[PDB]
Amino acid sequence: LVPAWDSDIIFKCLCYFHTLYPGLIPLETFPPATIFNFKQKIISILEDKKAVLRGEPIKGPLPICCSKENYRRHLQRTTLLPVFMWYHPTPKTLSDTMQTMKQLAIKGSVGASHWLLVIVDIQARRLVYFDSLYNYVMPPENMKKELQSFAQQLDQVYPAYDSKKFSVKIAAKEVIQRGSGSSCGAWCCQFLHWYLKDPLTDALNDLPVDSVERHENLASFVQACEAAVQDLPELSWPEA
Ligand SMILES: [Cl-]
């Protein structure tokens, strides 16, 4: 009784978050990033930011629902990439992950599929990894090491003025989404909103223990989001 946010409603919620926090670029979720290509996707966005900062053309392709001029403006302004990752345990490649996702979508079934969020905070030079199921993909200390290596590539790809290094944070210390099959999308957008309000958010440590109470507060958050996006344009990037 707090249902599944698909890629559509996650996208709209991100558009809405942009209008509150312009630094956030509302990256599309169709087709989404995966465990296999999220690094390439991020690198490619930051190379496009660098290009735009130099008045150069961009490479990486246009988002489907965004004009070229508007995308450039977003890339210029953005200080935060919300990368939504669609995962399933069975597929072993990008090609198979894509094929699996298309199969469950064309059946409208859920499966063992799951949303993760990686936040690239460019201002703070911080990678934040949020898994509402704690270790659905791999243990957190292993994700940490994998992301620290990634963080060193980003130091080369997107240097700071003073060689300040990208740091890594694993957000969830425990399973957050307790006894719920479907709430992973919503949790991702809740955590993102907390982070936009306060990048040093302790909101995950401050949760109620009671799983039901927790999911009621989330149901609140979800209704407030659904109200705010009701009138907002469909399949259409906000103008930066
Ligand atoms: Cl932006």
# chains A, B, ... in the order shown; residues from 1 in each chain; ligands from 1
call {"tool": "residues_near_ligand", "arguments": {"ligand": "ligand 1", "cutoff": "12 Å", "atoms": "only C-alpha atoms and all ligand atoms", "output": "PyMOL selection string"}}
result
chain A and resi 14-27+45+49+70-82+122+237-240
call {"tool": "atom_distance", "arguments": {"atom1": "CA of residue 96 in chain A", "atom2": "CA of residue 142 in chain A"}}
result
23.2 Å
call {"tool": "residues_around", "arguments": {"residues": "residue 8 in chain A", "least_positions_apart": "3", "cutoff": "10 Å", "atoms": "only C-alpha atoms", "output": "ChimeraX atom specification"}}
result
/A:5,11-13,28-30,234-235
call {"tool": "residues_around", "arguments": {"residues": "range 169-175 of chain A", "least_positions_apart": "5", "cutoff": "12 Å", "atoms": "only C-alpha atoms", "output": "compact mmCIF listing (two decimals) with N, CA, C and O atoms, in the first residue's frame"}}
result
# COMPACT_ATOMS: atom_id res chain seq x y z
N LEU A 116 18.68 1.52 -7.91
CA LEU A 116 19.71 2.16 -7.11
C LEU A 116 19.92 3.60 -7.60
O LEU A 116 19.59 3.99 -8.74
N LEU A 117 20.51 4.38 -6.71
CA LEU A 117 20.80 5.73 -7.03
C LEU A 117 22.26 5.99 -6.75
O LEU A 117 22.69 5.72 -5.65
N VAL A 118 22.95 6.53 -7.76
CA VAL A 118 24.21 7.19 -7.52
C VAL A 118 24.10 8.68 -7.79
O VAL A 118 23.84 9.05 -8.91
N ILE A 119 24.42 9.47 -6.78
CA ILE A 119 24.52 10.84 -6.86
C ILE A 119 25.98 11.23 -7.13
O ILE A 119 26.84 10.99 -6.32
N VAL A 120 26.19 11.94 -8.23
CA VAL A 120 27.46 12.65 -8.47
C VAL A 120 27.34 14.12 -8.07
O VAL A 120 26.84 14.94 -8.81
N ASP A 121 27.82 14.46 -6.89
CA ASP A 121 27.79 15.82 -6.45
C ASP A 121 29.10 16.50 -6.89
O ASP A 121 30.15 16.31 -6.26
N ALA A 124 30.71 19.30 -4.26
CA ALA A 124 31.37 18.74 -3.12
C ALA A 124 32.41 17.70 -3.54
O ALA A 124 33.17 17.28 -2.73
N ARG A 125 32.34 17.25 -4.80
CA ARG A 125 33.19 16.20 -5.36
C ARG A 125 32.99 14.92 -4.52
O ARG A 125 33.97 14.32 -3.99
N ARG A 126 31.73 14.47 -4.46
CA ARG A 126 31.28 13.34 -3.64
C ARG A 126 30.40 12.41 -4.49
O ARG A 126 29.49 12.87 -5.18
N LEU A 127 30.73 11.11 -4.48
CA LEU A 127 29.87 10.07 -5.01
C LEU A 127 29.07 9.46 -3.87
O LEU A 127 29.68 8.97 -2.91
N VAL A 128 27.72 9.47 -3.99
CA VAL A 128 26.91 8.87 -2.97
C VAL A 128 26.14 7.71 -3.59
O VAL A 128 25.42 7.88 -4.56
N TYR A 129 26.25 6.55 -2.95
CA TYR A 129 25.57 5.38 -3.36
C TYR A 129 24.46 5.00 -2.38
O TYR A 129 24.73 4.73 -1.18
N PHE A 130 23.22 4.95 -2.90
CA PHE A 130 22.04 4.66 -2.10
C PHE A 130 21.36 3.40 -2.64
O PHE A 130 20.87 3.36 -3.76
N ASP A 131 21.38 2.36 -1.81
CA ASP A 131 20.63 1.12 -2.05
C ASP A 131 19.64 0.89 -0.90
O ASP A 131 20.08 0.57 0.22
N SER A 132 18.34 0.98 -1.18
CA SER A 132 17.34 0.84 -0.16
C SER A 132 17.31 -0.59 0.40
O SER A 132 16.66 -0.80 1.47
N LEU A 133 17.92 -1.56 -0.33
CA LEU A 133 18.03 -2.90 0.18
C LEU A 133 19.45 -3.22 0.70
O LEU A 133 19.76 -4.36 0.89
N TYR A 134 20.29 -2.21 0.94
CA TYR A 134 21.60 -2.33 1.63
C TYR A 134 22.67 -3.05 0.81
O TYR A 134 23.71 -2.47 0.51
N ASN A 135 22.43 -4.32 0.45
CA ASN A 135 23.44 -5.11 -0.29
C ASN A 135 22.78 -5.90 -1.42
O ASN A 135 23.03 -7.03 -1.60
N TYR A 136 21.92 -5.29 -2.24
CA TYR A 136 21.20 -6.06 -3.25
C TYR A 136 22.13 -6.46 -4.40
O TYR A 136 21.94 -7.47 -5.02
N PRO A 139 28.17 -6.36 -1.40
CA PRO A 139 28.28 -5.81 -0.06
C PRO A 139 28.69 -4.36 -0.22
O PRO A 139 29.33 -3.98 -1.20
N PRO A 140 28.31 -3.49 0.73
CA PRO A 140 28.71 -2.09 0.67
C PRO A 140 30.23 -1.89 0.67
O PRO A 140 30.68 -1.07 -0.09
N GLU A 141 31.03 -2.67 1.40
CA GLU A 141 32.47 -2.32 1.41
C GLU A 141 33.06 -2.61 0.02
O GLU A 141 34.02 -1.95 -0.37
N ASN A 142 32.46 -3.52 -0.76
CA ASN A 142 32.96 -3.81 -2.11
C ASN A 142 32.53 -2.73 -3.08
O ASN A 142 33.29 -2.35 -3.93
N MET A 143 31.28 -2.27 -2.96
CA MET A 143 30.83 -1.10 -3.76
C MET A 143 31.71 0.12 -3.46
O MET A 143 32.06 0.82 -4.37
N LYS A 144 32.07 0.32 -2.19
CA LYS A 144 32.92 1.41 -1.79
C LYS A 144 34.24 1.34 -2.57
O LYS A 144 34.64 2.35 -3.15
N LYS A 145 34.90 0.18 -2.59
CA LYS A 145 36.20 0.09 -3.25
C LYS A 145 36.01 0.31 -4.75
O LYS A 145 36.81 0.96 -5.37
N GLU A 146 34.95 -0.22 -5.34
CA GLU A 146 34.75 -0.08 -6.74
C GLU A 146 34.55 1.39 -7.10
O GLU A 146 35.00 1.88 -8.12
N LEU A 147 33.88 2.11 -6.21
CA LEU A 147 33.56 3.50 -6.46
C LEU A 147 34.76 4.39 -6.17
O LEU A 147 34.83 5.43 -6.77
N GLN A 148 35.66 3.99 -5.24
CA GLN A 148 36.90 4.74 -5.01
C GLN A 148 37.79 4.69 -6.26
O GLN A 148 38.45 5.69 -6.57
N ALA A 151 36.26 7.00 -8.71
CA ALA A 151 36.50 8.31 -8.22
C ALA A 151 37.88 8.82 -8.66
O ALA A 151 38.06 10.01 -8.95
N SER A 180 8.81 -4.52 2.23
CA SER A 180 8.12 -3.88 1.13
C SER A 180 8.75 -4.36 -0.18
O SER A 180 9.98 -4.40 -0.27
N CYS A 184 11.18 0.97 -3.97
CA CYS A 184 12.59 1.25 -4.11
C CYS A 184 12.74 2.57 -4.86
O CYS A 184 13.53 3.40 -4.47
N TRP A 187 11.90 5.42 -2.52
CA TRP A 187 12.93 5.60 -1.51
C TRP A 187 14.08 6.40 -2.13
O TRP A 187 14.68 7.23 -1.47
N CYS A 188 14.36 6.11 -3.41
CA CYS A 188 15.50 6.73 -4.08
C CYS A 188 15.27 8.25 -4.19
O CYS A 188 16.17 9.05 -3.85
N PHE A 191 15.46 9.86 -0.66
CA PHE A 191 16.82 10.10 -0.28
C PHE A 191 17.39 11.29 -1.09
O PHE A 191 18.01 12.19 -0.52
N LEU A 192 17.19 11.29 -2.41
CA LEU A 192 17.64 12.39 -3.21
C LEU A 192 17.10 13.73 -2.64
O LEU A 192 17.83 14.71 -2.50
N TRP A 194 16.20 14.47 0.38
CA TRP A 194 16.88 14.80 1.63
C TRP A 194 18.25 15.44 1.32
O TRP A 194 18.70 16.42 1.96
N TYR A 195 18.91 14.88 0.31
CA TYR A 195 20.27 15.22 -0.01
C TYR A 195 20.26 16.64 -0.59
O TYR A 195 21.16 17.41 -0.30
N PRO A 199 23.10 18.20 1.97
CA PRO A 199 24.04 17.17 1.53
C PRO A 199 24.73 16.40 2.67
O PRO A 199 25.29 15.39 2.41
N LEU A 200 24.67 16.88 3.92
CA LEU A 200 25.20 16.09 5.04
C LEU A 200 24.04 15.49 5.85
O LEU A 200 24.14 15.38 7.08
N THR A 201 22.95 15.14 5.13
CA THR A 201 21.69 14.63 5.71
C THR A 201 22.00 13.37 6.53
O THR A 201 22.66 12.49 6.06
N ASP A 202 21.53 13.34 7.77
CA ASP A 202 21.59 12.16 8.62
C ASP A 202 20.22 11.46 8.64
O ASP A 202 19.93 10.64 9.55
N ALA A 203 19.37 11.75 7.65
CA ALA A 203 17.95 11.35 7.74
C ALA A 203 17.80 9.82 7.83
O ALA A 203 16.83 9.36 8.43
N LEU A 204 18.76 9.05 7.25
CA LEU A 204 18.67 7.59 7.28
C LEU A 204 18.91 7.02 8.70
O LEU A 204 18.24 6.06 9.10
N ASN A 205 19.84 7.60 9.48
CA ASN A 205 20.04 7.20 10.88
C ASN A 205 18.82 7.60 11.73
O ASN A 205 18.55 6.97 12.74
N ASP A 206 18.07 8.64 11.32
CA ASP A 206 16.97 9.22 12.15
C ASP A 206 15.62 8.55 11.83
O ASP A 206 14.59 9.03 12.26
N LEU A 207 15.61 7.43 11.10
CA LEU A 207 14.35 6.80 10.70
C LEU A 207 13.68 6.11 11.88
O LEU A 207 14.34 5.66 12.81
N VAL A 209 12.07 2.88 13.66
CA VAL A 209 12.40 1.45 13.57
C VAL A 209 11.23 0.71 12.90
O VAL A 209 11.43 -0.15 12.00
N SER A 211 8.68 -0.51 10.66
CA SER A 211 8.69 -0.52 9.22
C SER A 211 7.42 0.12 8.63
O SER A 211 7.46 0.71 7.57
call {"tool": "residues_around", "arguments": {"residues": "residue 110 in chain A", "least_positions_apart": "5", "cutoff": "9 Å", "atoms": "only C-alpha atoms", "output": "PyMOL selection string"}}
result
chain A and resi 4+104-105+182
call {"tool": "write_last_selection", "arguments": {"atoms": "C-alpha atoms", "output": "mmCIF file, in the first residue's frame"}}
result
data_model
loop_
_atom_site.group_PDB
_atom_site.id
_atom_site.type_symbol
_atom_site.label_atom_id
_atom_site.label_comp_id
_atom_site.auth_asym_id
_atom_site.auth_seq_id
_atom_site.Cartn_x
_atom_site.Cartn_y
_atom_site.Cartn_z
ATOM 1 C CA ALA A 4 5.933 0.960 -7.600
ATOM 2 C CA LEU A 104 9.536 -7.464 -17.679
ATOM 3 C CA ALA A 105 8.221 -4.040 -18.973
ATOM 4 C CA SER A 182 7.796 -2.167 -4.469
#
call {"tool": "residues_around", "arguments": {"residues": "residue 40 in chain A", "least_positions_apart": "5", "cutoff": "12 Å", "atoms": "only C-alpha atoms", "output": "number ranges by chain"}}
result
A: 33-35, 45-47, 60, 83, 94, 150, 153-154, 157
call {"tool": "select_by_dssp", "arguments": {"residues": "range 146-201 of chain A", "states": "strand (DSSP E or B)", "output": "PyMOL selection string"}}
result
chain A and resi 167-170
